[PDB]
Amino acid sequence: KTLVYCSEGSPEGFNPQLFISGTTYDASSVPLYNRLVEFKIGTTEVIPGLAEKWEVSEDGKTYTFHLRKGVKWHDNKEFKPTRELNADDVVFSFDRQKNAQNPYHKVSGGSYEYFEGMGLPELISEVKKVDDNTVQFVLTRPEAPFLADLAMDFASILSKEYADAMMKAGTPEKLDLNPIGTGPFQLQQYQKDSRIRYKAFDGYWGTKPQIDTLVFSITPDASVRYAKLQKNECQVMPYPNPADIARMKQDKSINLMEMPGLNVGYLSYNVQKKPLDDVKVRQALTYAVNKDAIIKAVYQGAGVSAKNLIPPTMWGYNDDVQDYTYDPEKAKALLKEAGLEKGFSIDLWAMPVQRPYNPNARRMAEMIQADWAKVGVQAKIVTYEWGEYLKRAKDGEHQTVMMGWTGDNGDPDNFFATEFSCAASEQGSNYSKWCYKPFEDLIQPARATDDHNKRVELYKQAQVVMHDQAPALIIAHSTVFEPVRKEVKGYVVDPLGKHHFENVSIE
C-alpha cells in the first residue's frame, strides 16, 4: 500500500511548463499529469497518451490528434470538475506558452523555457480546436521529432475549467501552485523541508497504481539516502555516491539497476584545419588511442565505450557497427599514406567542467597526448574557463576539442542533426565543422518523413557514414545506477532520466 522514495531535493513548483529540472519533473509531470503522447516505459518509443491516435498530412505539416473520451481530472479543496478532458484543455495548454495575448501567459512569470528551447514558438504556426475531442497543429515545416517533443514534461495538459475558476477567484497563481491533472497520482500534502505525499488517483483513465500512498522524503545528501535505504526508511533512491557503488553491488537487500545514460562524450576534429581535412588522418588519430584504458581510468565504472553517437537505449541504434581498434601500427601506415610519415603538431582542448559523459577531461587529455606522441603527433593541451571555452569553440578557434551532448527528447534527430549537420556547422555547435552530403542525404529525409520504419533505416546508415568519415573520436556514454530494495516489483529504469512509480507494487 505504501512506497517511500528518497528524492534528491525539493521541487521548484508543480506546473512543469515553467521548469526544466528532473527533480521538479519527478514531483509534478511524472506523477500528476499526462501528455498527448507518451514514451513507452524503458524506451524512447512514442505511444498514445491523452490522444488515442494521431494523423499526419501528406505534406507533413498538419497534425490531427483524436482525444481519449472519459478522462477524469483530480479535485481539491477549491476545485471539483464538472466535465472530463476535451480540446479546450489541450489548446489552452500550448496557447498559454506561445500567445502573449492569453490571460495566463504572464502568470507566475511566464518562463516557458523548454517550450522555447525546443523551437516551438517558431515551428508551430497554429494550434486549433476542430471539435470538443479533436485538435490540430499546423507547423511551418515537416518535423518528425514533433511527436517526441509532445511527450516531454513541459507538454503536460492543464485544466482549462480549473484555470478559468482560479482566474475568476482572482488567484490565477493557484493553477501553478495547487495542481490539478489527469495523472495516476494526486497531491495530498507538501512541506518543502520534509516531504511530499501522494495517493493513487481512483478516477484514473489508465490502470490504477498498485501503490496506494506514495511519499517523497527530500534528502539532498546521497550518503543519508543510502543509509535510509538500508534501514528500509525508503525503498528507492537516485544518484548514489560514486564511492558507494561497490558496496551496493554486494548488498543482498537491493537490486542495483543499471542503464546507459541519454548522452555522449566526444573529441571533435575541425576538418577545416589541415591536416584534419584528410579522412586518413582522422582515422589515424582514432586508431592510435587506447580507449579501453581511458574508459577504465577516467570513468571507473560510471561509463561505457561508445561506437555510435546515440546510446543503445534509443531506437535506430546500429549494433552492426564494429568500433575502431587500438592499433598504432595501422595509425602509422595511415599517416604515411596521407604523406605525414613524420607526424605533426596539434592542439587538444580539454573540458574545464565535469560531466556524466566525461568526468575527468584533464586525465583523458593526458592519456590521448601520450597515445598520439607514439605515432609522431605532438599535442598541446589547452583549456579556458567554461563560458570562454564555449564561446571560442563555437567560432572554430580550436584544432581538436572535447565536447558532448545530453538528449532532450529521445529522438535520433536531436543528436545527429543538432551536433553534426551542415546547419549546426554554420551555427558553430557542430565542432567538427563537418558538412557532408552523404550524411545530409540521410538526416534531412529522416527528419521530414512520417514512416518510422524508413526513419530507422536512415539513422542506421547515418551511423555507418559517421564511422567511415570519423569527424569525431566517439568516446563513451555514462552509466546510470538506481538502487531499488527487492520488495519493490515492476520498477523499470527510464532512458529519459525520470523516476516512475505508477507501474510498481510492493511486497
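Numbers for residues come from their place in the sequence shown, where the first is 1.
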Checklist line | Greater mean Cα temperature factor according to the PDB record, 447 to 455 or 29 to 37 | finding: 447 to 455
Next item on the list: Compare the mean C-alpha B-factor of 402 to 410 with that of 68 to 76 as given in the PDB entry, and name the stretch with the higher value.
Entry: 68 to 76
Item checked: Given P240, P260, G117, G183, the residue at which the Cα B factor reaches its maximum -> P240
Margin query: I'd like to know which of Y198, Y324, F416, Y384 has the highest C-alpha temperature factor in the PDB entry.
Written below: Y198
Next item on the list: Taking the values exactly as deposited, rank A246 by C-alpha B-factor within its chain and report the matching third: lowest, middle or highest.
Entry: highest
Margin query: Ranking the modelled residues of this chain by C-alpha B-factor as given in the entry, is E366 in the lowest, middle or highest third?
Written below: middle
Checklist line | Relative C-alpha B-factor of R83, binned into the chain's lowest, middle or highest third | finding: highest
Notebook entry, point to check: Among the chain's modelled residues, which third holds the C-alpha B-factor of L340?
Noted result: highest
Next item on the list: Classify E58 as lowest, middle or highest third according to the C-alpha B-factor given in the PDB entry, relative to its own chain.
Entry: highest
